[PDB]
């Protein structure tokens, strides 16, 4: 059973507050249902994974759906470069998440390595790409721009 404390506090500080509060709120039952849905995967896409979740839990399914629709609409407003970055960042974050469901949770060095890559991809974008991303994701843009992500990653 995954516990919120399993994630280092300084990595949780890099996550947007809505994502942090979603995870912090999880009951023991919520975590069982998330793990069972993940284990009954893989799925065609995120939407199919959420539909399977809603079947087990209309309430947790609706909570996940609300977060997902907000992220999906923010990505839809991006130009091709910032969309590519956001989608690659999500793929990296999902691989980290997969490790908390399956055996052997990521180490702090594994998390530092994932942030280091996401930051590198952020820095690889043009200024127009960074500005486009920042308009939709101001918390994450600030984590990158302030040096907060670099401090965690170690560099």
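Residue numbers count along the first chain shown, from 1.
Between 124 to 132 and 104 to 112, it is 104 to 112 that carries the larger average Cα temperature factor according to the deposited entry. According to the PDB record, 91 to 99 carries the higher mean C-alpha B-factor of the two stretches 33 to 41 and 91 to 99. Of the residues listed, 60, 51, 67, 119, the entry assigns the biggest Cα temperature factor to 67.
When the modelled residues of the chain are ordered by their C-alpha B factor, residue 82 lands in the lowest third. Residue-level temperature factors show residue 21 in the lowest third of its chain, judged at the C-alpha atom.
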